[PDB]
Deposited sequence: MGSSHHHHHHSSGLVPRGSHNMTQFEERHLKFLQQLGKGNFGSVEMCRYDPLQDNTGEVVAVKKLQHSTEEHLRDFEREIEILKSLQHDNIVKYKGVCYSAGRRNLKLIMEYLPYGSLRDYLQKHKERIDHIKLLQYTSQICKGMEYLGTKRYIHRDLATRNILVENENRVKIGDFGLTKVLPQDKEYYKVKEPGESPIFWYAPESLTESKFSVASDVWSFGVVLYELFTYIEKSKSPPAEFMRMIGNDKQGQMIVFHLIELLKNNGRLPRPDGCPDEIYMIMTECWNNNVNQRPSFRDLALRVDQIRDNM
């Protein structure tokens, strides 16, 4: 069933980078309609349209408790992607506001759910590419979901990585070394980014400890532009890593270091991450 553009009412702009708005779908014109999240393109080049339609088919083929829900598309191309609205916003903002009132056991609940959504995504041969707490959404106290599939690629049939020929804006401080050097993305590079997510969680989003702040201090704050990427590559090749966060249990920190292995084949799988984190949880 269809969404008519005429009945989509604007409420609030939520974020940009396309843009995401809060709308009410109100066919009845008496404001009783469902509140939804709407993504639309702000600069609608032919390349971007075709990227956006691929994003739409990716989100639509996904159905999992820990993946943001597709609801439909509104036509008039200038497509709008209609999705569920998650009112607690991104995990990053949520953790920031509610800091250490979220205990380690709760952090591990979210980490488990992140690994399950990621493992399900991999069974369809999708590489998220932008796994980070700002792209995880909170449905309620007991559930998060993976969002913004903006950067997601499908693996070729005959290959286990996808090579991005002309990169756009890239979250380098979450990127595996092979992604930095050769622009190669794989299930294993998602696992590397997951390690950085787990770091984010255990720092409680303290600004002076964010991945960009720490890596910049390690390479020196005088590095600029593409010299940053050059020094970050050398640093990672020589075992420079993010530190253990204040108060982080030793075993969760081991998992982070394991995901940050230079050797792609030695990084753990999301299936084994979810098993291990559920084991830590039960122990606690």
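Peer 1: In sequence order, which deposited residues have no C-alpha?
Peer 2: Unmodelled stretches: 1 to 22, 40 to 41, 101 to 103.
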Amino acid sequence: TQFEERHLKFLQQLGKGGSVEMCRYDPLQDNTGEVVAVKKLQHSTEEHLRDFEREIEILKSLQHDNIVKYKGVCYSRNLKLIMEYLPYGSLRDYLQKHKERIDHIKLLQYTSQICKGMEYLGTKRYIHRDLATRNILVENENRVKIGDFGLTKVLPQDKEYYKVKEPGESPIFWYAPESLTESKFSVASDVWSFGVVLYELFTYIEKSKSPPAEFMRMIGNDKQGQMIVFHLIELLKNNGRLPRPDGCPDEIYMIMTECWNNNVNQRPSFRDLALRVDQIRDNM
From here on, numbers count along this sequence of modelled residues.
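Each form is matched to the other, and the largest set of C-alpha atoms that superpose within 1.5 Å is called the rigid core.
Peer 1: Rigid core superposed, root mean square over structures and residues, which stretch has C-alphas farther from this form in 7 other deposited structures of this protein, 40 to 48 or 255 to 263?
Peer 2: Most displaced of the pair in 7 other deposited structures of this protein: 40 to 48.
Peer 1: Could you say which moves further from this form in 7 other deposited structures of this protein, stretch 145 to 153 or stretch 88 to 96, by root mean square CA distance after aligning on the core?
Peer 2: Comparing 88 to 96 with 145 to 153, the one that moves more in 7 other deposited structures of this protein is 145 to 153.
Peer 1: Relative to the other PDB entries of this protein in the set, is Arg134 coordinate-less in at least a third?
Peer 2: No.
Peer 1: Among the other PDB entries compared that flank it on both sides, is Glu214 unmodelled in a third or more?
Peer 2: No, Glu214 is modelled in every other compared entry.
Peer 1: According to the deposited model, is the average Cα temperature factor higher in 151 to 159 or in 93 to 101?
Peer 2: Going by the record's values, the stretch with the higher mean is 93 to 101.
Peer 1: In the PDB record, does 234 to 242 or 24 to 32 carry the higher mean Cα temperature factor?
Peer 2: On average, C-alpha B-factors are higher across 24 to 32.
Peer 1: Identify, among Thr45, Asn66, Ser61, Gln224, the residue whose C-alpha carries the highest B-factor in the deposited PDB entry.
Peer 2: Comparing C-alpha B-factors across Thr45, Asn66, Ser61, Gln224, the top value belongs to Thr45.
Peer 1: Out of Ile228, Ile56, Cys259, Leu41, which one has a C-alpha B factor higher than all the others in the entry?
Peer 2: Comparing C-alpha B-factors across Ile228, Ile56, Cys259, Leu41, the maximum falls on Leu41.
Peer 1: Can you tell me which third, lowest, middle or highest, the CA B-factor of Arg271 falls into for its chain?
Peer 2: Its C-alpha B-factor belongs to the lowest third of this chain's values.
Peer 1: Thinking about Cα B factors across the chain, which third does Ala213 belong to?
Peer 2: It falls in the middle third of the chain.
Peer 1: Looking at the C-alpha B-factor of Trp174, is it in the lowest, middle or highest third of its chain?
Peer 2: For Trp174, the deposited C-alpha B-factor lands in the lowest third.
Peer 1: Would the CA B-factor of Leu180 place it in the lowest, middle or highest third of its chain?
Peer 2: As the PDB entry reports it, the C-alpha B-factor of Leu180 lands in the middle third of its chain.
Peer 1: When the deposited Cα B-factors of this chain's modelled residues are ordered and cut into thirds, is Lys207 in the lowest, the middle or the highest one?
Peer 2: Highest third - that is where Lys207 ends up once the chain's C-alpha B-factors are sorted.
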